[PDB]
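Student: quick one: experimental structure and sequence below.
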Amino acid sequence: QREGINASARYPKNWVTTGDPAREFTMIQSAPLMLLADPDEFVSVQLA
Amino acid sequence: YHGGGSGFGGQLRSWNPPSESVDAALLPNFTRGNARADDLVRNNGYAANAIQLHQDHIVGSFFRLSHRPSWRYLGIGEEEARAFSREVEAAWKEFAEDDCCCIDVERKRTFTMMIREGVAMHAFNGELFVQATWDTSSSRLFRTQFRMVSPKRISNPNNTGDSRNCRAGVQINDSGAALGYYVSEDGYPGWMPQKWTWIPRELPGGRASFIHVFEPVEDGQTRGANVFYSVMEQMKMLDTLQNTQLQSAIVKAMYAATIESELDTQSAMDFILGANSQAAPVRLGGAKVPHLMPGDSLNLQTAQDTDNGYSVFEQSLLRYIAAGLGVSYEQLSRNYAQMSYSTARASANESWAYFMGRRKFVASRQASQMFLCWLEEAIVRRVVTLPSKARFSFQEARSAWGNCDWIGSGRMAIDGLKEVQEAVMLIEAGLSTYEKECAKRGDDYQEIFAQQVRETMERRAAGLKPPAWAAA
Amino acid sequence: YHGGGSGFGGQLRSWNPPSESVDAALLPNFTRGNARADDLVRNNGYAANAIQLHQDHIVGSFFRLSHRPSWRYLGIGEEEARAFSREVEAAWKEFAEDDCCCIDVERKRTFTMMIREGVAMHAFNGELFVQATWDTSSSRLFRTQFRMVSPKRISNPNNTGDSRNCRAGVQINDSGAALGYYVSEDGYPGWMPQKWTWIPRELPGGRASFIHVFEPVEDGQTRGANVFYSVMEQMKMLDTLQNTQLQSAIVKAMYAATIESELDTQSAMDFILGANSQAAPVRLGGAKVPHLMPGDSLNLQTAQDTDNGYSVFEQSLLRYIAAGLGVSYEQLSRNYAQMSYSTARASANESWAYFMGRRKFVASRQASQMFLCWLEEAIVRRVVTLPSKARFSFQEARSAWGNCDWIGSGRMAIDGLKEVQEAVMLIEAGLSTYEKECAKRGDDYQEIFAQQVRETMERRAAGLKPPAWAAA
Amino acid sequence: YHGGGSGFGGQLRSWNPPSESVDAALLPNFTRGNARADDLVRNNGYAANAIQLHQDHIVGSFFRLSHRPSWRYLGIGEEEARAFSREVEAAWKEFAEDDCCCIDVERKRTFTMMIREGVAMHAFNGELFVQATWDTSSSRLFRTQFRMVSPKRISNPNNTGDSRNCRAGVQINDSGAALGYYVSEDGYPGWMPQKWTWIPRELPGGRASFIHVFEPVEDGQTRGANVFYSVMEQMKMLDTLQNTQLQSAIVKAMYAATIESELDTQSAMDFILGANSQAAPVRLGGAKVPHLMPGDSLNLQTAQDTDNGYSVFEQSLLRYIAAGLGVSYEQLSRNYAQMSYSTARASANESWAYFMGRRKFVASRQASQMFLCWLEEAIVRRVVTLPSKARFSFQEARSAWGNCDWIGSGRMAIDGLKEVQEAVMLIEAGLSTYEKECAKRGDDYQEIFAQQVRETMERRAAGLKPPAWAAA
Amino acid sequence: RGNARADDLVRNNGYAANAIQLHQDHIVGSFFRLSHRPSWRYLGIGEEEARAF
């Protein structure tokens, strides 16, 4: 929200923890959901 | 920097707008915004007045052509260029001013009407589309025709979503330029499903087939946004306030009295109001003095001032709306307070700058593209002839051969004599020329010169004093 | 973009106008809208004033023809073109402004009133139909007669759910062109069965048969929309407010005083109001000092201000209505408050721009088409003879043979002297010709020259001093 | 000094802003600041007016080129310098103002449109970017194509934390100069994540390949700061205040009256307000006088003044905002109170100083860099030929060959006559030249002189009087 | 009913009588004169006899 990103895919950010031993992390996060409008268009068989 | 922070006392802790280009902020809600703006243009007086101002001041009552080819680059010569310009101007003037309205396929407009509609449809929708086709079966001199397409029609086929290479019914290549457009079918009845076609922008020879005119704001913008997005909310709320205040005024002024008694409804009105039992209607003749027993009473109800400070609030809102649209406040609201000459002239010039900008971009670009599309035919069908010994063929440089300047209607000054006096003062000195002055009245100096050379002869032959401009 | 969203605080969450074409948003309510507009015109003071202003300013007291065939395109030669113009103008003058009124089949209107009524119908209906007929049984020189058809009688296909091609009773081909119209019969008694007839737009020979005039808004518009859809609701509500306020004022002023007493009504009104028992009327002569016993009482009712700020609200509403319609506020409301010269001139200019636009479109197009329809008949009947060696026949160049211009009534100057000085100053320089300055006053220069060249002869022959314009 | 102390009575005890450079005060909240600026511009009546005023007064409708190479520094000769200037001006006038709009790859803007977009972006973002590229596929004479890059695109790669040399997606060498810009691709719906690419500022040959324009505030400012940070809070709060006031006015005017009774909810309305049970709708026709028992009552509500001082406080806030942005209050608010000539002219001067500053810096720098980037192709592609005996080649002194000054649109005077009289009297004396006087009206004096020298011949040939400027 | 009511208004009320008097006084005035101008070109007769006629 602070940098104006919401409802998008692959939001990357990179931060450093403030402390006497300081470490740097890297994180990417998304909300992936996949759909079909018509669930009955594809026929899936198993052959043998 | 306090702008990018929390704010004064944390009041802006929730003001966190998304950071996204014009596309991500416009495309999902295009149709709704267009429909609301069309509602406001159709069902609000002020917005329709603003649209009429746009149409009348941008274009006017005539949109004249002035052909000025760049003859120096082409290496053709001045006299041949003048003859070519005269011929092509005459051909255009006869073609586009047909009384039977055969420039457009629908046979409902003329050239000036079409330019005005283009400006208006730019105003309340953000873009204008013109399609150039042929009617092969027609036997006229020119087979070129133009059809005006409303922006609502351009949509993705089958109402699917936006893919990377097809945004809002407009094909986009690897770069931002367009390649072709998807056009629906005119469906007036709800039923009879719609058929979606495909129209390439340019024919393979380079001739224009589909025209799209709109001013971008950012880098990549498939379709523009109309002028109303700044003041969509305020005009609707202003309309609601006006209607509500009017209804409230009528209700408050309706109840002119109140009867207090303890008798029947009929007898109380008989004895106090004066109605007759043969609720009960009362005739308004005369002045009446009732007689009341101790139990009864009569109150003449009083209402507030009908217009308590509503006019000034309407003034503030109309000033805001006018500032949003671009038309001056006195042109929008018809207010015209007591003002000196200087204030009126300042306001007129401030609106005029914007009007001239819009005319120079929108109408001029559309008319230039249409004129080029017509000039290809004239040249190809040999209605007119190209100057000989030309460095470039017509196709290699369309702009150089078809370069054109358009003249609209001139402004109507606040003071009649001062404009004429300044025009004469400029012409007497070298600061200007006859062409620029005659253009500010929407006239062509060559036509004026021809008219004057005819008038001097007509006066001389008939026995009258020769005119002022006549040479001894 | 907040315009297309939910709104500020959810205030606009219920304003979702449908995204439909102009036709699907106009045609289902066409008849009711036309009827409401007619009701407003026939029963409101301001609507009638607006129509009267339209007719009197756009057209005026006279609508004179000016014929200018394009001789350069036809290659006919200047003198032949001028002679042909003179003959055509004389024929039209003899046929248009006749006293027997045979231009119209109904034998009720001359040409100027026909133009005025066309502008009126285009004002409160947004269209006008003129039908050009023949009466071969007639013995007059010109057998071409015109008829004005009310847009109500151009009915739909009998109101049934219509279709794509056949819309609003105007048959349409694949493109937007209109092929044939439907005409009904206007039966005043109201019991005759209705009969619908087909009248094709154009005769097989190319002649114009049934004429439609209107200004479109979007890509496709079968029938136009009047200038009242913007401001009907406010007009009706304002009228209701006026009537309600007037009735409330009358009710409040009717009850003068109020008698409170214990005795019988005849005795109480006998001993106080002064009415004699010899209801009971009271004489209005003199001054009276009633004597009240402790039980009795008299009260002189006081009423609110008769107009407690109603005029200001009327001002606001009339300003809105004027903004919607198009005319200035002063002309519509007859207010004409205190204002300087600059404000009045700005008002007049802002009105006259729109008036010129309307005149250049609707009246000019209708007059040109009617004139061409008559001109074909005049040419065929050898009443007027074309020049020989013509590059085209009359059929091949319809507009070029009859490219005509019309001059209407000119402005009434606010300052009588300033306009005269402006015209003289422009004539002294070469900026404007004699025709342009004589036409702004609505006079033709040729007639003025002929009048002056006979006036000089009369003054010379009668023994008076020669005029100023004579050549020594 | 009490400025740096506790204050009057310790009221400023908590006001201890941190002493930080502009880089550490802008960058942490960069994107949110730009996003809030865009949101204010996109949804406010006043912000769009400020942007429109910037565009229309800084640049206008035409932005002409005037080439004045430094011939003395190069030592080439006056005649050769003028020949080169004429040739290059003709070539640029052809390339810049094509109606095919092929200067940028998207084919949506002309050159003046691009300058206006640059000015607007410099207004509400603080910086503008232009990418100059080549198209080997294009077969036209000139292969140079430009682009407009939105400032949002250029950011750090993959949002990686900021560094020393690479700040906010702009790379810095050891000194303060910049070498390359990381610019990302932008597809709003999806696809693979944004790919951040490298684009060097300048090619190895010295040509400018990427343009960045912004005016610094301190010694080191990697990216610019927009103009809205001063007043972003106040415009949002004024928006909230206006919407809240309008909703409050609607709410207060909605409830017309009030009914107190003890019967059924519908019976009380049947007997008092007069509705019919044949809530219950009430007809507004006519006047009414109810009948009440002792228990009942009717009350006509009175609402507060709709606009109780809100206009004056809005005036104060608009004065503050106008001071912040730069445009004068009279332009931004459309108020135009009764002001003499002196006040209006002073305010116009105050606006024009800032507008001249912006035009001289922003648009001029962008246009100069664009023109130089184009002039390199020309010189190289032998479309034009350099003068002989040059002391330096083109790459040695690029500014020497492309030294140019641009002409924008002039000012529209409050009184037209007075400025013309001023110009004439200055011309009569030796204080000013014709070039400056004709430049202040946005005219090129050589074109004007050619126009008079052609018009005198045209007047001589047709038989009219010689003009005033002609030489006996 | 409409014509009778209009007659009632014009007979008895001051503003209607003033409006009708304004119509009569400004449309026509105190006199009405004739100027006979036959279109002599259309009839092909002449000018002197046209003026005498």
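Tutor: Done, it's in. Numbering: from 1, shown residues only, chains lettered A, B, ... in the order given.
Student: okay, strands next: where are they in the stretch 351-472 of chain B?
Tutor: With DSSP state E, counting those that start in this stretch, the ranges of strands along the stretch 351-472 of chain B come out as B:404-407.
Student: flag every residue of it that's near chain D.
Tutor: By Cβ under 8 Å from any Cβ of the partner chain, the residues of the stretch 351-472 of chain B that approach chain D are B:352-354, B:356-357, B:360-361, B:365, B:368-369, B:372, B:398-400, B:418-419, B:421-422, B:425-436, B:445, B:449-450, B:452-453, B:456, B:469-471. Quick note: C-beta positions are derived from backbone N, CA and C, even for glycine.
Student: where do the helices sit along chain A?
Tutor: Counting by DSSP state H, chain A has no helices at all.
Student: whichever residue of it sits closest to chain E: neighbouring residues, count only.
Tutor: For chain A, the residue closest to chain E is residue A:37, as judged by Cβ to the nearest Cβ, at 66.2 Å. Counted with other Cβ atoms under 10 Å in any protein chain shown, residues neighbouring residue A:37 total 6.
Student: and the gap between it and residue B:158?
Tutor: Computed as Cβ to Cβ, to the nearest Å, the residue A:37 to residue B:158 distance reads 12 Å.
Student: try residue B:223
Tutor: Separation of residue B:223 from residue B:158 (Cβ to Cβ): 19 Å.
Student: equivalent analysis for residue B:276, please.
Tutor: With distances taken as Cβ to Cβ, residue B:276 is found 73 Å from residue B:158.
Student: now swap in residue A:47 and tell me
Tutor: 34 Å.
Student: the two: which is more packed in?
Tutor: Ranked by neighbour count (other Cβ under 10 Å), residue A:47 and residue B:158 place residue B:158 first, with 8 against 3.
Student: tell me the phi and psi of that one?
Tutor: phi 60, psi 20 (degrees, to the nearest 10).
Student: leaving out the residues flanking it, which one is nearest to it?
Tutor: Leaving aside its chain neighbours, residue B:158 sits nearest to residue B:196 (6.8 Å; criterion: Cβ to Cβ, 6 or more residues apart in numbering or on different chains).
Student: does the one you found touch residue B:160 like I think?
Tutor: No - contact between residue B:196 and residue B:160 fails when scored by Cβ atoms under 8 Å: they sit 10.3 Å apart.
Student: quick check: residues of chain B near chain A?
Tutor: So chain B meets chain A at B:16, B:17, B:18, B:19, B:20 (Cβ under 8 Å from any Cβ).
Student: now, of these, which are buried?
Tutor: For the residues of chain B next to chain A, a neighbour count by 16 or more other Cβ atoms under 10 Å in any protein chain shown gives the buried set as B:16, B:17, B:19, B:20.
Student: what is the nearest of these to residue D:257?
Tutor: Set against residue D:257, the nearest of those by Cβ to Cβ is residue B:17 (43.0 Å).
Student: end to end, how far does stretch B:250-268 reach?
Tutor: Across stretch B:250-268, the terminal residues are separated by 27 Å (Cα to Cα, to the nearest Å).
Student: any idea how far the residue most central in space within chain A lies from residue A:8?
Tutor: By Cα atoms, centre = their mean, chain A has its centre lying nearest to residue A:30, at 2.0 Å. Distance, residue A:30 to residue A:8, by Cβ to Cβ: 8 Å.
Student: contacts for stretch B:427-441?
Tutor: B:407, B:410, B:423, B:426, B:444-445, B:448, C:429-432, D:420, D:423-424, D:427, D:434, D:437-438, D:441, D:443, D:448, D:451-452, D:455, D:467-469 (Cβ atoms under 8 Å, 6 or more residues apart in numbering or on different chains).
Student: buried residues in that stretch?
Tutor: For stretch B:427-441, a neighbour-count test (16+ other Cβ under 10 Å) marks B:427, B:429-439, B:441 as buried.
Student: quick check: closest non-adjacent residue to the residue in chain A that chain B sits nearest to.
Tutor: Of all residues in chain A, residue A:4 sits closest to chain B, at 3.6 Å by Cβ to the nearest Cβ. Leaving aside its sequence neighbours, residue A:4 sits nearest to residue B:19 (Cβ to Cβ, 6+ apart; 3.6 Å).
Student: would you confirm that the one you found contacts residue A:6?
Tutor: No - counting by Cβ under 8 Å, residue A:6 is not a contact partner of residue B:19; they are 9.9 Å apart.
Student: how many other residues sit next to the residue in the stretch 201-350 of chain B positioned nearest to chain E?
Tutor: Closest approach of the stretch 201-350 of chain B to chain E (Cβ to the nearest Cβ) occurs at residue B:285, with a separation of 14.9 Å. Applying other Cβ under 10 Å, we find 7 residues neighbouring residue B:285.
Student: returning to that earlier point: if we only consider the buried ones among the residues of chain B next to chain A, which is nearest to residue D:47?
Tutor: residue B:17 (13.4 Å).
Student: that closest one and chain C, how far apart?
Tutor: Residue B:17 sits 10 Å away from chain C, going by Cβ to the nearest Cβ, to the nearest Å.
Student: wait, that residue sits on residue A:3?
Tutor: No - the pair residue B:17 / residue A:3 is not scored as a contact, 11.3 Å apart, by Cβ under 8 Å.
Student: so what sits against both of these two?
Tutor: Both residue B:17 and residue A:3 are contacted by residue D:32, under the criterion Cβ under 8 Å, 6+ apart.
Student: which one is residue B:207 nearest to, not counting chain neighbours?
Tutor: residue B:376 (5.6 Å).
Student: ok, that neighbour - contacts?
Tutor: Per Cβ under 8 Å, 6+ apart, neighbours of residue B:376: B:207, B:394, B:398.
Student: one more: residue B:228?
Tutor: Residues in contact with residue B:228 (Cβ under 8 Å, 6+ apart) are B:37, B:40, B:41, B:47, B:124, B:235, B:325, C:3.
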